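Visitor: Input: one structure, supplied below.
Cβ placement follows ideal geometry from the backbone for every residue including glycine, while neighbour counts extend to all protein chains displayed. Here, each number is a calculation from the coordinates, and none is a lab measurement.
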Amino acid sequence: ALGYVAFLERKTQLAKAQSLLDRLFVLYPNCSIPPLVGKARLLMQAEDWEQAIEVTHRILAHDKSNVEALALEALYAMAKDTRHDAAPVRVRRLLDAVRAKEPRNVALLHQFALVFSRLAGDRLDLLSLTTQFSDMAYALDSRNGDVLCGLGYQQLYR
């Protein structure tokens, strides 16, 4: 159904797309992550970010230790919430989870390093944390020159 979800999300037939989502995590709450993040995916695609973080908190209820839940929350601290300044501690919570969740992935983590730092900006408390994101990207590989590029982009913002 996710292919049909992707089919309807591309077509922006979100009335039938979201109905497919709502009959996905209700019928399949055991899987939880694919449809509920998928609803949280669609909600911010329909720009319903205030709903998406509430879904994320519901996802956090099922499992707080999900990086995708902690990324969505840290995304909402950057997307819509005008209550930032606690965010460096909030993204640190996400920063701890990414330390243990992917100690194998070079390609995803390099993009994860440059993306989530570019969310933050010139906030040095964020910049101190988000550079450590590029540290693990540097930890797994450095011969791929994009790794020092994203870290250098942080050093560009440093």
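Visitor: Relative to the longest principal Cα axis of the chain, at what angle does helix 124-140 sit, 0 to 90 degrees, rounded to 10?
Guide: 90
Visitor: Let me ask something additional. Just want to confirm a number: the relative contact order over the chain, from Cα pairs under 8 angstrom separated by 6+ residues, in percent.
Guide: For the chain, the relative contact order is 13 percent.
Visitor: Got the relative contact order for segment 1-83 handy, in percent, Cα pairs under 8 Å and 6 or more residues apart? Walk me through the numbers on the way to the answer.
Guide: Working: 59 pairs, mean separation 15.5, N = 83.
It comes to 19 percent, rounded to a whole number.
Visitor: How charged is the neighbourhood of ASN66? Take every other residue with its Cβ under 11 Å from the Cβ of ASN66, and add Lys/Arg as +1 and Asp/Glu as -1. Could you put the intermediate results ahead of the total?
Guide: Values: positive: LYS64, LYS101; negative: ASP63, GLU68, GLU73.
That works out to -1.
Visitor: Sort out for me the Cα centre separation of segment 9-47 from segment 76-117, rounded to whole Å.
Guide: Here the answer is 23 Å between Cα centres.
Visitor: How many nm is it between the label spots at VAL26 and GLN111, if each spot is 7 Å from the Cα in line with the beta carbon?
Guide: Taking the two extended label points, one gets 3.4 nm.
Visitor: Just order 103-115, 7-19 by mean Cβ neighbour count inside 10 Å, highest at the front, would you?
Guide: Packing proxy ranking, top to bottom: 103-115, 7-19.
Visitor: Now for a different question. What does the convex hull of the Cα atoms of segment 32-102 come to per residue, in Å³, rounded to a whole number?
Guide: 78
Visitor: Can you tally the net charge around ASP81? Count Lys and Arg as +1, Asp and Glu as -1, for every other residue whose Cβ sits under 13 Å from the Cβ of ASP81.
Guide: Summing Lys/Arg as +1 and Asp/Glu as -1 gives -1.
Visitor: Under 15 Å from the Cβ of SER32, count the other residues' Cβ atoms, weight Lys and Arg +1, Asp and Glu -1, and hand me the total.
Guide: Summing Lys and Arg as +1 and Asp and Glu as -1 gives +2.
Visitor: Sum -39500 (n - 2.57) across every DSSP H segment of at least 4 residues in the chain, then divide by the residue count to get the 222 nm mean residue ellipticity, nearest 500. Could the numbers behind the result be given before it?
Guide: On the way: 9 runs with 121 residues, N = 158.
The per-residue figure over the chain is -24500 deg cm²/dmol.
Visitor: Also, quick follow-up: Pairing the Cα long axis of helix 67-79 with the longest principal axis of the chain, what angle in degrees results, from 0 to 90 and rounded to the nearest 10?
Guide: 80
Visitor: May I pose another question? If you look for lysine pairs in the chain that are eight or more places apart or on different chains, how many of them have Cα atoms under 19 Å apart?
Guide: Numbers: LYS11/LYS39; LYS16/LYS39; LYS39/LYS64; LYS39/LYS80; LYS64/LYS101.
Taking the chain as the scope, the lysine pair count is 5.
Visitor: Considering all alpha-carbon pairs of segment 78-134, what whole percent are spaced by more than 20 angstrom?
Guide: 22
Visitor: Continuing with the same structure: Full extension from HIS84 to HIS62: what is 0.36 nm times the residue separation minus their Cα-Cα distance, to one decimal in nm?
Guide: The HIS84-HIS62 span can extend by a further 5.4 nm.
Visitor: Here is a follow-up. Could you bin all the Cα-Cα distances of the chain into 5 Å bins starting at 0 and give me the percent of pairs in each, rounded to whole numbers?
Guide: Taking every Cα pair in the chain, the percentages come to 2, 9, 17, 17, 18, 15, 12, 7, 3, 0.
Visitor: Quick one: angle between helix 2-11 and the longest Cα principal axis of the chain, in degrees between 0 and 90, rounded to 10, please.
Guide: 80
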